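All Cβ positions, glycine included, derive from the backbone under ideal geometry; neighbour counts span all protein chains shown. Numbers and lists here come from the model and the stated rules, or from a named source; no laboratory instrument gave them.
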Amino acid sequence: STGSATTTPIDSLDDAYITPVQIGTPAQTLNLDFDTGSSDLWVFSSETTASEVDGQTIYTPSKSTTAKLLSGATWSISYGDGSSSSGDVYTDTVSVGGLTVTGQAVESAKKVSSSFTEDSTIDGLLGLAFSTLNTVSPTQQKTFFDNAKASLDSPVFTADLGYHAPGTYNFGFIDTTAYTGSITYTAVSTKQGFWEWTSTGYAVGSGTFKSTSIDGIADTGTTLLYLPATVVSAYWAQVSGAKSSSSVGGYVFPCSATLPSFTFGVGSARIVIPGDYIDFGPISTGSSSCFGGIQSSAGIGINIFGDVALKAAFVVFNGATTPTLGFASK
């Protein structure tokens, strides 16, 4: 089997991407944030505290003939941005792009933090990291990918995120029309439960490539590119008037600037992030200070190749017995 679904930016900045997902029988379609940095499929639901719902579409298990309470199971998750959610668990049929999994754990939110409530466009998350990070207790649950894997034509999914445009998540096949050149594969460590890999270095603009190992995760659920402070300082030093602002919470730059590109290494291959991908626009409406898309990871504890980086590539998440990542230009 295979599946193919379009993923759409939630706003003009590409802050996140939503992908429609069918849950239950008859189908209830929710727009979920596919997150390769977490491992829970959770939704706004009929159980979510009413004051914490503001415009989201909810899953109502009582209207699904295939829903079953997963008795005693609870979940609770905290994300790197300080957001959180928790609740109870149903199993139900879940389809993405024509690929169906029966008995998928659908984590029903009873509580969500303010950032979720305030984002009316995101109806929940669909985690695509390794199932070792799933938060369901007392019986940990599998991701949609892990449940689908054995049925897929190939044990893979691919992320093809757009810059200010829709893109695609495919499951079970590699669309050889979706990228240019060849795919470079690189080793993955699953020790922390992430798609963790080591970049071979970077360049700023037309500068020379610096060969250096940068361990980090491929995380579709993170907007920006978070890298070591040395790398980030080297990038922003090439932008007149850029500075790190403790008041704003990262590097800002004059909105009048033209940003340089940023290149990262994947083995001997190179992925180039155009400068415009690094512009996240005014820090507040009407400001002439703009927020940068490359930020320091120093206060995180891990480097994160988030959407800024991933949308410059066609990315293969290879879930074979020995997992690997692949990157191609596009």
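Observations on the structure shown:
- Counted residues, the stretch 284-323 - those being out of contact with any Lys or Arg (no Cβ under 7 Å at 6 or more places or on another chain) and surrounded by 18 or more Cβ atoms within 10 Å (Cβ to Cβ): 23
- Residue under evaluation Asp307, criteria (1) acidic (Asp, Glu); (2) touching a residue at least 40 places away in the same chain (Cβ under 8 Å); (3) farther than 27 Å from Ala129 by Cα, criterion not met: (3)
- Restricting the stretch 223-253 to residues that are among the polar types (S, T, N, Q) and either touching a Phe, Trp or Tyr at 6+ places or on another chain (Cβ under 7 Å) or farther than 27 Å from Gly286 by Cβ (or both), the residue that is surrounded by the fewest Cβ atoms within 10 Å (Cβ to Cβ): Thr230
- When the stretch 96-105 is filtered for residues that are assigned to a strand (DSSP E or B) and either surrounded by fewer than 21 Cβ atoms within 10 Å (Cβ to Cβ) or not assigned by CATH to the domain that holds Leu125 (or both), the ones remaining, listed by number, are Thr100, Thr102, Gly103.
- Condition check for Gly124 on (1) at positive phi; (2) surrounded by fewer than 22 Cβ atoms within 10 Å (Cβ to Cβ): one failure, at (2).
- Boolean, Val252 is among the aliphatic types (A, V, I, L, M) and more than 11 Å from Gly205 (Cβ to Cβ): yes
- Across the stretch 136-184, the qualifying residues are those that are in a loop (DSSP other than H, G, I, E, B), among the hydroxyl-bearing types (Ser, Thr, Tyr) and surrounded by fewer than 20 Cβ atoms within 10 Å (Cβ to Cβ), and the one among them that is nearest to the chain's Cα centre (by Cα) is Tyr163.
- All positions within the stretch 284-326 that are farther than 25 Å from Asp81 by Cβ and hydrophobic (A, V, I, L, M, F, W, C): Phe314, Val316, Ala320
- Index of the failed condition, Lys111 passing every other in (1) part of a loop (DSSP other than H, G, I, E, B); (2) within 28 Å of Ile302 (Cα to Cα); (3) over 20 Å from the mean Cα position of the chain (by Cα): (1)
- Test result for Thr198, within 30 Å of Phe145 (Cβ to Cβ), not assigned by CATH to the domain that holds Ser12 and not in a loop (DSSP other than H, G, I, E, B): yes
- Residue within the stretch 254-262 that is surrounded by 15 or more Cβ atoms within 10 Å (Cβ to Cβ), not in a loop (DSSP other than H, G, I, E, B) and not hydrophobic (A, V, I, L, M, F, W, C) present: no
- For the stretch 164-176, the count of residues that are touching a helix residue (DSSP H, G or I) at 6+ places or on another chain (Cβ under 9 Å) and among the hydroxyl-bearing types (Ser, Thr, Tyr) is zero.
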